[PDB]
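Student: Chains as they are written, first to last, in the deposited numbering: chain B, 0 to 411; chain C, 0 to 411; chain F, 0 to 411; chain D, 0 to 411. One structure coming up, written as structure tokens, with questions to follow.
Number of protein chains: 4
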Amino acid sequence: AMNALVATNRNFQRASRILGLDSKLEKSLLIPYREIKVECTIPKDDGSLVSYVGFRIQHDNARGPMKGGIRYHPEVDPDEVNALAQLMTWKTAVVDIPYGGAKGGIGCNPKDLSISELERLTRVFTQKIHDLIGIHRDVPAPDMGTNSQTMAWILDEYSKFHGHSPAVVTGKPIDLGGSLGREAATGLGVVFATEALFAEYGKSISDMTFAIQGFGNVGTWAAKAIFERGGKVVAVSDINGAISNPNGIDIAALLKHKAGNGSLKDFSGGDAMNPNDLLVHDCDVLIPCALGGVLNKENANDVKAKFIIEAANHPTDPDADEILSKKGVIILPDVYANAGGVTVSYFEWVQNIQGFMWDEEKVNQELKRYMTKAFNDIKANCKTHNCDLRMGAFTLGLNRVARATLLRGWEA
Amino acid sequence: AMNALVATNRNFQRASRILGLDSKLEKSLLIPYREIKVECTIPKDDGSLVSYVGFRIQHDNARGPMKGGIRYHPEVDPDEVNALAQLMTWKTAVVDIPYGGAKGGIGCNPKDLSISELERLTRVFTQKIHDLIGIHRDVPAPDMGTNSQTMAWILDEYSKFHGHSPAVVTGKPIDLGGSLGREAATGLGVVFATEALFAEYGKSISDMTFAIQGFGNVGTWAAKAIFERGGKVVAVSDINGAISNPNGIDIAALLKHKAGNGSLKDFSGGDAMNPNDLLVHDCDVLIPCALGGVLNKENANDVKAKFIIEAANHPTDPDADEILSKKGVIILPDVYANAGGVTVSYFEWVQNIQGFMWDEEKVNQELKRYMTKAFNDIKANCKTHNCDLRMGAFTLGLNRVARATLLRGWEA
Amino acid sequence: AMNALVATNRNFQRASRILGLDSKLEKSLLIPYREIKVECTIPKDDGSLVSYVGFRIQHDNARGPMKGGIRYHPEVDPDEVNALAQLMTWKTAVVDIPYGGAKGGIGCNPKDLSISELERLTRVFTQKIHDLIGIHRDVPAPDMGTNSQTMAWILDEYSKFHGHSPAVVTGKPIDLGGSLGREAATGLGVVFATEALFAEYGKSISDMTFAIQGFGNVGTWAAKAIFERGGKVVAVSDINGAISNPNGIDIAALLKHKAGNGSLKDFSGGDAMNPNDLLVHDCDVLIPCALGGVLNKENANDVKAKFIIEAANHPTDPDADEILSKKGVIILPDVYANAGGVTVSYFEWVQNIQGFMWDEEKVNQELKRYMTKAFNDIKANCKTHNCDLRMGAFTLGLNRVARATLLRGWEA
Amino acid sequence: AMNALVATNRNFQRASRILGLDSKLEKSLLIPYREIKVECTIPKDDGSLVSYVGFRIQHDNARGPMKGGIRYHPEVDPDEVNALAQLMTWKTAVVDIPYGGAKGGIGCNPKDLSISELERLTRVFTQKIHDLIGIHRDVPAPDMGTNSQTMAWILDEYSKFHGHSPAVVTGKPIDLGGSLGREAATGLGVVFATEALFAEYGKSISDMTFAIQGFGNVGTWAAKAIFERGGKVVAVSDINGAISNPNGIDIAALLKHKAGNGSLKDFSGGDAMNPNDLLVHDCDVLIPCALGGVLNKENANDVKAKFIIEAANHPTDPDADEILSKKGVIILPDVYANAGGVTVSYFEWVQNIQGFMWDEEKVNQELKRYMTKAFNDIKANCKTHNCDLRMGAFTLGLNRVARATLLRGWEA
Ligand SMILES: NC(=O)c1ccc[n+]([C@@H]2O[C@H](COP(=O)([O-])OP(=O)(O)OC[C@H]3O[C@@H](n4cnc5c(N)ncnc54)[C@H](O)[C@@H]3O)[C@@H](O)[C@H]2O)c1
Ligand SMILES: NC(=O)c1ccc[n+]([C@@H]2O[C@H](COP(=O)([O-])OP(=O)(O)OC[C@H]3O[C@@H](n4cnc5c(N)ncnc54)[C@H](O)[C@@H]3O)[C@@H](O)[C@H]2O)c1
Ligand SMILES: NC(=O)c1ccc[n+]([C@@H]2O[C@H](COP(=O)([O-])OP(=O)(O)OC[C@H]3O[C@@H](n4cnc5c(N)ncnc54)[C@H](O)[C@@H]3O)[C@@H](O)[C@H]2O)c1
Ligand SMILES: NC(=O)c1ccc[n+]([C@@H]2O[C@H](COP(=O)([O-])OP(=O)(O)OC[C@H]3O[C@@H](n4cnc5c(N)ncnc54)[C@H](O)[C@@H]3O)[C@@H](O)[C@H]2O)c1
Ligand SMILES: N[C@](O)(CCC(=O)O)C(=O)O
Ligand SMILES: N[C@](O)(CCC(=O)O)C(=O)O
Ligand SMILES: N[C@](O)(CCC(=O)O)C(=O)O
Ligand SMILES: N[C@](O)(CCC(=O)O)C(=O)O
Ligand SMILES: [Ca+2]
Ligand SMILES: [Ca+2]
Ligand SMILES: [Ca+2]
Ligand SMILES: [Ca+2]
Ligand code: NA
């Protein structure tokens, strides 16, 4: 793959030149507000020590408290967390929620840690960054390798230092102040975004076949919402294998099978498939829901889809963007399509601060309102600048951050 | 009387066994988070010193900031405040408001103190606990022997240490950020709770006679709400005496007489009664609205009511529960029936942190909604466990607190 | 044994009557500033939970930050910690160090917990009281069942909440800011106190035989300091056994045996004896160095010593005091004789605050100066009030605290 | 040449291996406590923006508040700051002052910036890190490109956020709480260290010729102190040129020349010299006083000196260590030889806490005592481990840091 931060900076530079941003402002907007790397050392269950480095990149807070998840994944590194944090700054601005961008992570493999070890690691990480995050400062959330239980531990340990602070972290369990709809939000939002795009062509999800890479929090709920809107999901992969069915996979049955600890390749309602063949599978629509950088100069020519919906963060690098453009492929960008998560996190934060929770229908209605407005704004920018969808979104968010930055000023 | 904490712990033990709680979880849930006892010394108006001991027992905060009133009464002691604080943990969970449980108090008799002395004592108590309470930590309120003027002093003294903090205490005067409906909330909620129970029997308040022990914040508004629904209030007592009328007392006239500094025994619309005969008075419904432990093994066999509505905290001890069960008496438990006060306190707190107030119709509609949902949940819980109303409520709240506790976890 | 707080309060009342304190002042001085009880729950090494109640009693801060140790012992309870905290208030005032009194503890048996469990318990206790202690607020230290390693964990955990705070706790390891001389300070000060007393009779430590109950931090260093000054230590006990030698035990050899995990009853340089006979052993001087209340009305009549030096806190109850007085026994009281520990803790705190350390010769020279001045002040007070040594010291401390209290005043 | 952090980590691994440190302890000690990178953007005098990245690497605080300077230099980058911060941890431990290690910097070139721009940049950097530093947390100081005026601005800006905090930074101007002797301290300590080393051969500074690379705060005061001890300084260089005199340079005259804005090349008391030939000059003693890594695999074979005194931080990489060892060259390591600056910074910090300032002789005599004891400790370590001087110092410091770390423990 191309370096994640090289890739994201190329997109940033391209969006800057479209806006004609002042080069000094551009440099400021590139540099993160604050990068934090902390030692995270815990005792394992047997008493022996293990040490990790935890990252929290606080990229920009011009538009509000910083926002973005925490990734537990062995390939977490500073370039990846910096790219993801920068993308959070643009994404929060695309959907126009009052947040800036941050991201955190620990280079561990959760499969290799017991649940008590994962809890200790999460608490120690929180101890090491508690003074640098906060309800109006920087509010984490899940990402790959973390979930609502992880967020419970963050809330619990943070609150020892600062009092009960439900709004310090989102994606919480419902019974600890979480929001109805947040578990499903990213996948649902991907489908709202996809519906909005397809309507421009006079088409619907039910007209299309879909291939999905990754089957975790994003991939499961995306697949479910696609299936319920009549889409034909013809292939699904995850880290362990994959399953295909040209007639469409019964996603309801597939999810039930997964919840029983079944593996994709063993699902009886399709054919086991090599997961290394997922991205080049025949389909109308490809939805990467796992790692970034997976569409690159080596495989972009072999993509068969006419639409790519970026549910994962930065699945497509700029070399692939160019190849896929010349192939006639249309790419709905991450900073729009996957923003349902952070948008419903904003609603969770609002409910916590207000001391009163919303029903799930109100959460999703507001989510759809935000995704609809953002798409209309992206459309208008694409027309103004005669640019592609990625740049329509990137320039929309970049300009909103630039405006707030310029209003705040530069004197000491 | 039975020791209050022995009594309340016996009920906790019984509810824990119905739920099959793990014994180590049970032990943690019994132990208070933090017990605080502080010297409170003031100059009296003549300059001489008096020293009191103030309490704030913080029992459990798994479900949110702790909540519970402050009692000024001569029998305030550690066991009583611990029992009350534990009941707040279950009560907040029964009505499903995002609070844990706490309680405070001072062993004094307010009638013996001037209004300037009460103010000094209140401000000194606040000075001694300010660092332990807070909007998102522990939020007091009135109880026996305190009122909205007490809360105004707490607010005012607390705000010297932390800035304007209206949400630090509830039961405030309207002109200092209090909620419409809060003064009447506990007594009105008692009547909503009672109507909900009686509907299960195809009966209304207007079918019944009522005897009420105590005639302060809870007893007055309960009596008023009963009277306005056609209930016959045939006996009322307070510390100083009692009055009866088997035809029903004109509660509007009784309240006017009280407001004029009249004594119950002197009311011309009834007959003076020995207050010691109140609990055993001939009535359909007995509502204790004063001290706890007043129904016990020595008088329970003499109760004539078929319903007991626990407006007071813990008026019936476990020995009396058994005796009254064998008499066919139905007891609507404190942790449900009197939760209207803490419920509207939640609404007050919400109005304060949100910086915007509600009208009284909204307050009371939501109070009714919360009291109805809780009763319906208690009923279902009774069916699930084939248990009495007390255990239906106690297990409902205990289970919710256990669920939050287990999510939060145990590592340091 | 008499209740520890009943015993200590009887002494307080006796001293108050000697001074003629105003009854309202007296009542205020008795009541603790703040009593704290906190849940302390940890996972054991096998993951199962254990729950303890931790105590910090903050008795009085009129003269400065509160000071006193943390006891891990199965008989720790509120009465014991209240008595100990009150004694620290008088003791700090007897030696005229600028501290008030406090004490903490957990009712546990350290021998039944692994070293990792003891660390987690210590860290959780610190998390539960961190907001209540502080360099200028309340500074803990060791007591029975805790040591410098315990203090290292308190320092380390506290510093996560408040930054590096070496002066928040004393008795630290040298490599974490501890003071030279602090490990030996209580036993050495016992010897300085004893030498001051014996000079009044024209006697030396080398003239006397000694029996010592307890052989931990206080007993080992006391025995060593006596041995090195030619005193004959004829009996030593601990919780598992006892050893005697009428010619004097070779304490250097006894300590080496202890350091090799030997038991007292097995030491080859004496005869085994029943530890239940230690306090009635023939000797000139009896030094209790373990639990309180061990000299009581059931054994005081059989004591054979002419001098009792109270190294332990409150080893002699007031019934035993009277019996022993009538036997001609002279008792050098705890609040003077064992104050070397807290005095060198003061020096440790000063060194930490000043940022540089003293050598051991300077520590011990200053310790001797403090113990000499205190004894001279005690003698003077005994002459003024024609009272015994205990009351001379107790009234000296109580009067100093009363002075500071009256200067601070009582208005809000 | 070699990467600064690769180099320093090789030395750490070598010292770890000598000590036999467990791999899990070794890994923890390598990882910094906290790495911080912050945007520092200011308006230039003409109003146009410039943006820099500022660093504060907090490597280890086991032994106390972290300590280390701030470098303004165009080659400042994360690897350099990390290496320097790690060296501060070992250095502080070598001289046995109660500090851990940190370092900061900004990748600017001060010659580019006006004095008002340098002030704004320093103040903005302070605004960005004030929450990270503090009297008992992390105390900065000068380094390359900064001076006492830089420290005045840090103090002034920091104090807006936290009140007057003289001890938050050392190297301050004398008129704002600085210490006499601090300006000259690093160079004077270099000479104390050198005198101690040469005494092991029965030789003195006055027996040797010297070449000095760098002529700033370290190089000028090192040159002056060597000159005043009869040393023959035959060559001196800085960034702009160099000067040699085989008969010895009149350093007093050279320092007046420099104070007159003269360049080394113009000095009439010498012959101008290519500065690229400084390190290979014909001398007995080479003293690097500028950048790190200047002695490497490319030029170590060409060094003619028989002694290298490391005044600069990490002037010699491990490839050159091996080459020079083979040529019989003795290298006195940075973590010992240049520790006079941080030692007198410790004295400055103590004076600020004490509230009174020492005379210069007291400072320098105490500095000499610290440098003499450290050298004796190093020699003992070399003998114990049969290792070179660098490892004698590195293991002495590393062991002290390990010991404090192990005392503190690992549970959360
Ligand atoms: N969770 C959110 O709220 C959210 C929001 C927006 C975007 N995202 C992005 O969506 C992506 C997925 O996050 P998630 O929350 O679903 O993570 P998750 O940990 O819940 O699941 C990740 C899934 O990807 C699979 N996967 C991992 N490596 C793979 C590989 N090499 N090939 C195929 N499958 C692989 C895993 O097996 C699993 O099915 C990430 O890029 C994340 O940053 C997440
Ligand atoms: N106020 C609230 O919001 C609230 C909420 C829930 C439950 N409660 C409980 O309701 C009960 C009453 O509290 P309140 O707020 O009305 O107190 P209050 O001080 O306003 O009134 C107390 C009343 O009880 C009477 N009383 C006291 N001792 C009595 C005795 N021995 N016999 C008869 N009457 C006696 C007093 O004379 C007075 O009429 C208490 O158990 C309290 O904990 C109060
Ligand atoms: N450590 C201090 O600085 C300090 C200061 C002043 C006073 N004190 C008091 O000194 C006494 C001893 O404290 P320590 O620090 O030496 O404790 P420690 O835990 O170091 O040692 C306690 C000793 O007492 C023995 N002991 C326990 N129960 C016993 C029993 N039933 N019979 C005989 N011996 C028994 C133990 O076996 C052990 O030898 C306590 O009263 C303590 O409060 C301690
Ligand atoms: N200042 C202190 O207290 C202190 C303490 C210990 C060690 N050090 C180390 O000493 C070294 C010098 O620091 P300083 O305070 O003297 O810095 P400074 O900014 O005062 O002076 C640096 C000097 O080095 C010269 N120089 C720069 N680049 C050069 C090059 N390529 N070749 C030759 N000369 C060059 C400059 O011209 C100037 O003479 C650094 O490694 C620093 O980390 C400084
Ligand atoms: N996974 C996310 O970080 C979610 C962030 C949030 O909910 O705050 C994302 O990539 O958007
Ligand atoms: N009196 C109460 O404590 C009410 C508490 C509140 O309103 O917060 C009660 O007993 O419920
Ligand atoms: N063990 C002590 O509490 C010592 C207290 C201290 O050193 O601060 C005591 O009993 O004096
Ligand atoms: N220049 C230094 O950082 C000294 C810092 C200090 O004086 O604290 C160094 O490299 O030692
Ligand atoms: Ca920026
Ligand atoms: Ca508990
Ligand atoms: Ca008191
Ligand atoms: Ca480390
Ligand atoms: Na274990």
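Backbone N, C-alpha and C define an ideal beta-carbon position, used for all residues, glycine too.
Taking only beta-carbon atoms, is B:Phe266 less than 8 Å away from chain F?
Tutor: Answer no: the Cβ-Cβ gap between B:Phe266 and chain F never drops below 8 Å.
Student: Mind listing which residues have their beta carbon within less than 5 Å of any non-hydrogen atom of ligand 12? Chain order is fine.
Tutor: Qualifying residues, in the order they occur: B:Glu38, D:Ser27, D:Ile30.
Student: Is there at least one non-hydrogen atom of ligand 5 closer than 7 Å to the beta-carbon of B:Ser164?
Tutor: Outside the cutoff, so no.
Student: Counting only runs that start and end within the stretch 19-58 of chain F, where is the beta strand (DSSP E) found for 3 or more residues in a row?
Tutor: Correct list: 33-42.
Student: Return the CA-CA distance between D:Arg9 and D:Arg407, expressed in angstroms with no decimal places.
Tutor: Their backbone Cα atoms lie some 26 Å apart in a straight line.
Student: At a CB distance below 8 Å, what residues from the stretch 158-185 of chain F approach chain B? Give them in sequence order.
Tutor: Flagged, chain order: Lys159, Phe160.
Student: Pick out whichever of D:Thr121, D:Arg55, D:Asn81, D:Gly144 has its Cα sitting closest to the Cα of D:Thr40.
Tutor: Nearest C-alpha to D:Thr40: D:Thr121.
Student: Is any beta-carbon of chain D found at less than 8 Å from that of F:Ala151?
Tutor: At least one chain D Cβ lies under 8 Å of F:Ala151.
Student: Contact criterion: CB-CB distance below 8 Å. Does C:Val52 meet it with respect to chain F?
Tutor: Output row for C:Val52: interface = yes.
Student: Quick one: does the C-beta of F:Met65 sit closer than 7 Å to a heavy atom of ligand 3?
Tutor: No, the beta carbon of F:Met65 sits no closer than 7 Å to any heavy atom of ligand 3.
Student: Does the beta-carbon of B:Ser147 have 16 or more other beta-carbons within 10 angstroms, so that it is buried, or is it exposed?
Tutor: Buried: at least 16 other Cβ atoms inside 10 Å.
Student: Compute every distance between the C-beta of B:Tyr98 and the non-hydrogen atoms of ligand 9, then say whether any falls below 7 Å.
Tutor: No - ligand 9 has no heavy atom lying nearer than 7 Å to the Cβ of B:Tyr98.
Student: Less than 8 Å between the beta carbons of F:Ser243 and F:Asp270, yes or no?
Tutor: Result yes, Cβ atoms of F:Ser243 and F:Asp270 sit closer than 8 Å.
Student: Counting Cβ pairs, one atom from each stretch, are 3 or more of them under 8 Å apart for the stretch 173-185 of chain F and the stretch 200-209 of chain F?
Tutor: Touching, no, given that fewer than three Cβ pairs across the two stretches are closer than 8 Å.
Student: Kindly indicate if chain F contains any beta-carbon less than 8 Å away from that of D:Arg55.
Tutor: D:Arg55 does not count as touching chain F.
Student: Cβ of D:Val167 within 8 Å of Cβ of D:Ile128?
Tutor: Going by C-beta atoms, D:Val167 is not nearer than 8 Å to D:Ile128.
Student: Counting contacts by CB-CB distance shorter than 8 Å, is F:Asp130 in contact with chain C?
Tutor: Yes, F:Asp130 lies at the interface with chain C (some Cβ there is under 8 Å from its Cβ).
Student: Which stretch, first to last residue, makes up the alpha helix (DSSP H) that contains B:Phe124?
Tutor: Segment 114-128, the alpha helix (DSSP H) holding B:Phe124.
Student: Could you please give me the residues that DSSP links to D:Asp137 through a beta bridge?
Tutor: D:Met65, D:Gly133, per the DSSP bridge assignment.
Student: Can you determine whether any heavy atom of ligand 10 sits closer than 7 Å to the C-beta of C:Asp59, and answer yes or no?
Tutor: Flag set: Cβ of C:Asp59 near ligand 10.
Student: F:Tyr157 by DSSP, collapsed to three states: which one?
Tutor: Helix.
Student: Would you say C:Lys102 and C:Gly396 are within 8 Å of each other, going by their C-beta atoms?
Tutor: No, these two residues do not count as a Cβ contact at 8 Å.
Student: With hydrogens ignored, establish whether the beta-carbon of C:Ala140 is closer than 7 Å to any heavy atom of ligand 6.
Tutor: Because some heavy atom of ligand 6 lies under 7 Å away, the Cβ of C:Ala140 counts as near it: yes.
Student: Within the 8 Å Cβ cut-off, does B:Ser47 reach chain F?
Tutor: Not an interface residue.
Student: Determine which residues share a DSSP beta bridge with B:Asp174 and list them.
Tutor: Looking at the DSSP assignment, B:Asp174 forms no beta bridge with any residue, so it has no partner.
Student: Looking at D:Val93 and D:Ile56, is the spacing between their C-beta atoms short of 8 Å?
Tutor: No, these two residues do not count as a Cβ contact at 8 Å.
Student: Quick one: give me the first and last residue of the beta strand (DSSP E) that D:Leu331 is part of.
Tutor: Where D:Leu331 is concerned, the enclosing beta strand (DSSP E) stretches over 329-331.
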